[PDB]
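> Numbering-wise, the first sequence is residues 33 to 67 according to PDB author numbering.
Cβ atoms here follow ideal geometry from the backbone N, Cα and C, with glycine treated the same way.
One structure coming up, written as structure tokens, with questions to follow.
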Amino acid sequence: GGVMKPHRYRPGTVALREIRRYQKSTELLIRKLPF
DNA sequence: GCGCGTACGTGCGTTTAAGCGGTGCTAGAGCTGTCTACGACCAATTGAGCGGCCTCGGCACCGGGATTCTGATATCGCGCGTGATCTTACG
Numbered sequence: 033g034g035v036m037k038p039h040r041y042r043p044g045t046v047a048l049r050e051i052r053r054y055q056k057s058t059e060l061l062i063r064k065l066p067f
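Next comes the structure, spelled out in structure tokens:
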């Protein structure tokens with residue numbers, strides 16, 4: 033008796049999700065204080 | 001198109017300095033009153049750059065000759081493949 037995990041995403045999908053995510057917003061991306 | 005090696009994504013785990021707030025100090029930014037130096041302008045003066053017109057040549061052109069460069073070919077060289085001779089093993 034063990035605990036099993038459902039699945040794993042194929043590569044590149046989250047790349048696209050991030051692409052749309054950051055193409056929708058406008059907030060600055062580089063962190064402020066190091067800059 | 002096929003095959004092989006792999007850079008890196010997700011995910012997890014862990015770790016950390018990125019933001020809020022809270023206080024405290026203060027630098028130079030900003031706005032009044034003084035004071036003064038200087039650039040436009042007119043007269044009058046003087047002189048320099050532009051254009052016309054002379055003059056002359058550095059370089060294009062021609063022609064010829066001399067020097068270089070790919071493309072093709074062949075030889076030397078090296079490496080791979082096969083048969084002859086010497087060697088070793090078994091029968």
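Between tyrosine 54 and the rest of its own chain, which residues show a CB-CB distance below 8 angstroms, the 5 nearest in sequence each way excluded?
By 1-based counting over the first sequence, the position of residue 54 is 22. Cβ neighbours of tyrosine 54 beyond the five flanking positions: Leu61.
> In three-state DSSP terms, what is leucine 61?
On the first sequence, residue 61 is found 29 positions in, with the first residue counted as 1. DSSP places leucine 61 in coil when its eight states are reduced to three.
> Helix, strand or coil: how does DSSP classify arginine 40 here?
In the first sequence, the residue the question calls residue 40 occupies position 8. It is coil, neither helix nor strand.
> What three-state label does DSSP hand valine 35 in the structure shown?
The sequence position of residue 35 within the first sequence is 3, counting from 1. Correct three-state label for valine 35: coil.
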